[PDB]
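Experimental structure and its sequence below.
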Amino acid sequence: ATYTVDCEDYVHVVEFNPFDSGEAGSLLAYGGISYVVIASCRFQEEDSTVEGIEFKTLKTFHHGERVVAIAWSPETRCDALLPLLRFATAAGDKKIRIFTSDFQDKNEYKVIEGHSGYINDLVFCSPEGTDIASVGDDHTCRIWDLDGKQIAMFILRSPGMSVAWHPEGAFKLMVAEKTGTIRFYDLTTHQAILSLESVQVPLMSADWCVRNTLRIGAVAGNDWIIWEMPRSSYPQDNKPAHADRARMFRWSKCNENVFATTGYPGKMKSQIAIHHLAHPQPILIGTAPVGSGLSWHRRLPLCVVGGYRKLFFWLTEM
Amino acid sequence: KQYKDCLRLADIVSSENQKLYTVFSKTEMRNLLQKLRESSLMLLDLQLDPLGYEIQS
Amino acid sequence: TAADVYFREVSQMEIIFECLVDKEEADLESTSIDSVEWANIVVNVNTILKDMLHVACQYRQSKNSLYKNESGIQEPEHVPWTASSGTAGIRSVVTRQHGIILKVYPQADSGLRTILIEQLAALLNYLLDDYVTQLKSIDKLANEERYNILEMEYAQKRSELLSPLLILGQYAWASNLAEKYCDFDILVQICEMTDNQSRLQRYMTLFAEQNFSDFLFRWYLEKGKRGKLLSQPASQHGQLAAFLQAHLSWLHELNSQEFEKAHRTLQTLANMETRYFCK
Amino acid sequence: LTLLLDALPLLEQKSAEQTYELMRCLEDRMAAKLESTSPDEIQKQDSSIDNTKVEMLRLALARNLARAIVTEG
Amino acid sequence: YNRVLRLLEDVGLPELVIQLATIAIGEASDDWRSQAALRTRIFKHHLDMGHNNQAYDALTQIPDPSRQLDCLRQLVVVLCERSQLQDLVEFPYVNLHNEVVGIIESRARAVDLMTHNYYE
């Protein structure tokens, strides 16, 4: 790893804030066994006054449960006039928790109940940050307001494994199902618009390319899979990602040809593989002893993976 | 070791104010570009960009 | 207890005389440097499983075909053919070999001559495994190639796992391992990249059939990990490494005077330029 | 003697070969004393102080040698 | 109890393996072979991670005789390998201070001098 930061406990999930918070540093959230930490990261590649990585814990939230997914709210700002931290979490208790903070003394959380199975993924699904989409082992995709009222529910054919909001198009939710189907839902009409099918199963994670909204990447079985819309429902590319089960797929936020994949946590060291579409092999192979969560920095060609009491950062040479 | 100022000679030679590019032969212009490339390689060895500016990863 | 039926199936008496070296190993008390007799019994099994693989190999040198390994036939036996047993790579026979390699845990705590004899031994065994994968890959026909290129990556990620294991070991055996899985691009090419010898990767491409099309696809795949102008100490003999790892038409103008090509790339760079006005 | 006492507080402060060198210098000084220095001058006060300084040096060198071995690793 | 502990042992989560194995001691009190195997596994992973105190604690909890001595030996080999000799000096040998001393001595005067800052 280019950089390494020590953590109090095991990192189960890690997510960079994909939004602009108005600070010079990039916000990072990571979930432990019973807590969520919010930190600021500054890198030597952004500021020549930083030697390597400046990592500052801003806030720690007691969760009481193992965090499985974290979603940032678009309303999240660190501006001194009206600081507002908002994020959602899913945990092993099948509940969603929305956290709100002013980075001072006001720390509130709301519990949302209604999933009957484990929640596998969640996102904010509105530009205004009012709505949360969640997917789980109850074979539902559910839409919630910040009041914890269910606005909508889509019945899935298998466990929902990943959910993502479309970066430019209003009302388009992507839902990846474990059996290899990726569906798109319109949240205005409450209808499925389209599906894609993976050649391999189980489908474990899918992400939108923010730089090219026609591209979707995923991991299914051992392979990474790319689709280009609207050209075909069939994959454009399908290549090996890992020797034993791929787990997470995330697109780089700065490059439309770069993405990271993670292997399944197990008896082998979890490998991170960074791929470039022009290359038949990974451009970088990292090892994390046991790691969960994968996120990309908003501006830098830098990705983070959580591990045993550590965050590991890889810079990719562009 | 003023390698950044070596590259500014390209801006001076290409300047329409003095039209210095009109007095160079094709062989001299090739030799100038080779010498500018040599100074640009020395900037890369100093961990600067090919033009002598700050590099951000 | 019997043998006639354990000869038709002797392959099983190798996956279990390993599980009985491990349950002997649990009682080897060989955690500290003081234990020794118990690191001598783990080697006595390593010698027998090894010379048993030596015997399968030499009985595949004693062929009868006048086309398959002509040496040993009506032609001179002074030069044996490929020392492979032409084994098909069993998924339990191979697993017990990749188990007893990871009994490189003893060479951590062991007297100096002993750590070398078991290292020459685990080298002698692995040079039968890489030989049987090579013989099986050679036999593959052109169609169904997708399965053939996936079996290649599987052997190449194991010659690549047999290498970090011998990165702590003696490199006097690296010359032999590199020649054993020979026509070796993956090993020798990553050895030329960890050092400052791109005089070696030039000497490798000088005497080769197609190693240029391999080194770019192999070096390009490994670019930024091995042979990187930033991983190597590129300023010394490592800038002598940087000279061939710098191997391209922009440079083409400097070394061949292709001004027209230089103009096209210089304009293309000028268009993508957003960061610096002066540039 | 004079320079040996200076080395005393210097050692006292909070490579392995360098530590061994200093020990050698101390021993050479002591052998010279056993021979050249008269029995009258041999009997002086700093002997016990010199021994404590030497024990501190041995302890720092041992740990220093271990640190050097770790760096070599 | 043996299974959940084995699952924790796989994925590589040694802290959760310790927590679950502690719960499993309450239920399967009669069982002692699976408990010995799981505690030996916890010891190994703590030792591999360099968690010397937790590895020592795990070794003292092993049901089968003398596995504590096994935790004590591999330990000195790797501590001397990590050239982390100061910690080893600070860590007084648990009860048998003279056992450790002598076992160490033995292995040491039995090997060579061209591979051992062990005398060091």
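Thanks, I have it. Numbers count the residues shown, from 1 in each chain, chains lettered A, B, ... in the order given.

Quick check: residues of chain E near chain C?
Contacts of chain E with chain C, taken as CB under 8 Å from any CB of the partner chain, map to E:69-78, E:81, E:103-104, E:106-108, E:110-112, E:114-115, E:118. In this view, the C-beta of every residue, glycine as well, is placed from N, C-alpha and C.

and if you look at chain A?
So chain A meets chain C at A:240, A:243, A:279-285, A:316-317 (CB under 8 Å from any CB).

Switch the residues you listed over to JSON lines; also include neighbour count.
Supplementary listing: the residues of chain A next to chain C in JSON lines, determined by neighbours: other CB atoms under 10 Å in any protein chain shown:
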{"residue": "A:240", "neighbour count": "16"}
{"residue": "A:243", "neighbour count": "13"}
{"residue": "A:279", "neighbour count": "15"}
{"residue": "A:280", "neighbour count": "13"}
{"residue": "A:281", "neighbour count": "17"}
{"residue": "A:282", "neighbour count": "23"}
{"residue": "A:283", "neighbour count": "19"}
{"residue": "A:284", "neighbour count": "21"}
{"residue": "A:285", "neighbour count": "13"}
{"residue": "A:316", "neighbour count": "22"}
{"residue": "A:317", "neighbour count": "12"}
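
quick check, nearest of those to residue E:6?
Proximity of these to residue E:6 (CB to CB) peaks at residue A:243, which lies at 21.9 Å.

Go ahead and flag the most central residue of chain B.
residue B:7 (2.6 Å; CA atoms, centre = their mean).

for the helix or strand harbouring that one, packing partners?
Secondary structure assignment for residue B:7, by DSSP states H and E: helix B:3-13. Counting by 3 or more CB pairs under 8 Å, 6 or more residues apart in numbering or on different chains; DSSP states H and E, the packing neighbours recorded for helix B:3-13 are helix B:26-45.

what's in contact with stretch A:50-64?
Contact with stretch A:50-64 is made by A:3, A:5, A:25, A:27, A:31-32, A:34-44, A:85, A:89, A:91, A:97, A:99, A:101, A:103, A:107, A:109, A:311, A:313, as judged by CB atoms under 8 Å, 6 or more residues apart in numbering or on different chains.

Can you tell me the SS state at residue A:272?
Under DSSP: H, G, I helix; E, B strand; the rest coil, residue A:272 falls in the strand class.

residues contacting the closest residue to chain C within the stretch 1-150 of chain A?
Closest approach of the stretch 1-150 of chain A to chain C (CB to the nearest CB) occurs at residue A:2, with a separation of 11.2 Å. By CB under 8 Å, 6+ apart, residue A:2 lies in contact with A:302, A:313-315.

Make TSV out of the residues of chain A next to chain C and add distance to residue A:52 and secondary structure.
Formatted as TSV, the residues of chain A next to chain C follow (distance: CB to CB, whole Å; DSSP: H, G, I helix; E, B strand; the rest coil):
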residue	distance to residue A:52	secondary structure
A:240	33	strand
A:243	32	coil
A:279	28	coil
A:280	32	coil
A:281	28	coil
A:282	24	coil
A:283	22	coil
A:284	18	strand
A:285	22	strand
A:316	17	coil
A:317	17	coil
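
And for the residue of chain B found nearest chain E, nearest residue in space, chain neighbours not counted?
In chain B, no residue comes nearer to chain E than residue B:57, which is 30.7 Å away by CB to the nearest CB. Nearest-residue entry for residue B:57: residue A:45, 3.6 Å, with adjacent residues in sequence omitted and distances by CB to CB, 6 or more residues apart in numbering or on different chains.

That neighbour and residue B:47, how far apart?
12 Å (CB to CB, to the nearest Å).

Of the two, which one has the most company?
Each of residue A:45 and residue B:47 has its neighbours counted (other CB atoms under 10 Å in any protein chain shown); residue A:45 has more, 19 against 9.

Now residue E:24: closest residue in space that isn't a chain neighbour?
Nearest to residue E:24 is residue E:1, by CB to CB, 6+ apart, at 2.9 Å.

what residues are up against that neighbour?
Residue E:1 neighbours (CB under 8 Å, 6+ apart): E:20-21, E:23-24, E:27-28, E:31, E:34-35, E:38.

May I ask which of those has the most neighbours?
residue E:38 (27 neighbours).

Show me what residue of the stretch 1-150 of chain A gets nearest to chain E.
residue A:10 (6.9 Å).

Shouldn't that residue be within a strand?
No - read with three-state DSSP, residue A:10 is coil and lies in no strand.

how far away is it from residue B:6?
Residue A:10 sits 53 Å away from residue B:6, going by CB to CB.

and if you look at residue C:4?
Look at residue C:4 and residue B:6: by CB to CB, they are 85 Å apart.

can you check residue A:72 too?
For residue A:72 relative to residue B:6 (CB to CB), the value is 47 Å.

the more surrounded of these two?
Legend: neighbour count by other CB under 10 Å for residue A:72 and residue B:6, higher for residue A:72 (21 against 17).

Apart from its neighbours in sequence, what residue is nearest that one?
That would be residue A:17: by CB to CB, 6+ apart, it lies 4.9 Å from residue A:72.

The one you found and chain B, how far apart?
Going from residue A:17 to chain B by CB to the nearest CB, to the nearest Å gives 20 Å.

Farthest pair within the residues of chain A next to chain C?
Most distant of the residues of chain A next to chain C, by CB to CB, are A:243 and A:317, 24.7 Å apart.

ok, back up a step: tell me the contacts of the residue nearest to residue B:57?
For residue A:45, counting by CB under 8 Å, 6+ apart, the contacting residues are A:300, A:302, A:315, B:56-57.

Throw together a PyMOL command that grabs the buried residues out of these.
Listed next is the PyMOL selection for buried residues among the contacts of residue A:45, using 16 or more other CB atoms under 10 Å in any protein chain shown:
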select buried, chain A and resi 300+302+315
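
ok, the contacts of residue A:45 vs chain C, which is closest?
The closest of the contacts of residue A:45 to chain C turns out to be residue B:56 (CB to the nearest CB; 8.4 Å).

you'd agree residue E:10 is up against residue A:268?
No - if you go by CB atoms under 8 Å, residue E:10 and residue A:268 don't touch, sitting 9.5 Å apart.

quick one: which of these two has more around it?
residue A:268 (16 against 12).

any idea how far the more buried one is from chain D?
Distance from residue A:268 to chain D, by CB to the nearest CB: 26 Å.

so that residue touches residue A:244, yeah?
Yes - at 6.4 Å, residue A:268 counts as touching residue A:244 under the criterion of CB under 8 Å.

what's the neighbour count on residue A:258?
Counted by other CB under 10 Å, the residues lying close to residue A:258 total 23.

where does the stretch 51-200 of chain C come near chain E, residue by residue?
Counting by CB under 8 Å from any CB, the positions of the stretch 51-200 of chain C adjacent to chain E are C:108-109, C:111-112.

for residue A:161, helix, strand, or coil?
Three-state assignment for residue A:161 (three-state DSSP): strand.

where's whatever helix or strand residue A:142 lives in relative to the chain centroid, distance-wise?
Assigned by DSSP H and E, residue A:142 belongs to strand A:140-145. Offset of strand A:140-145 from its chain centre (CA atoms, centre = their mean, to the nearest Å): 17 Å.

one step back: please spell out the PyMOL selection for the buried subset of the residues of chain E next to chain C.
In PyMOL syntax, the buried subset of the residues of chain E next to chain C is picked out as below (16+ other CB under 10 Å):
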select buried, chain E and resi 69+70+71+72+73+74+75+76+77+78+103+104+107+108+111+118
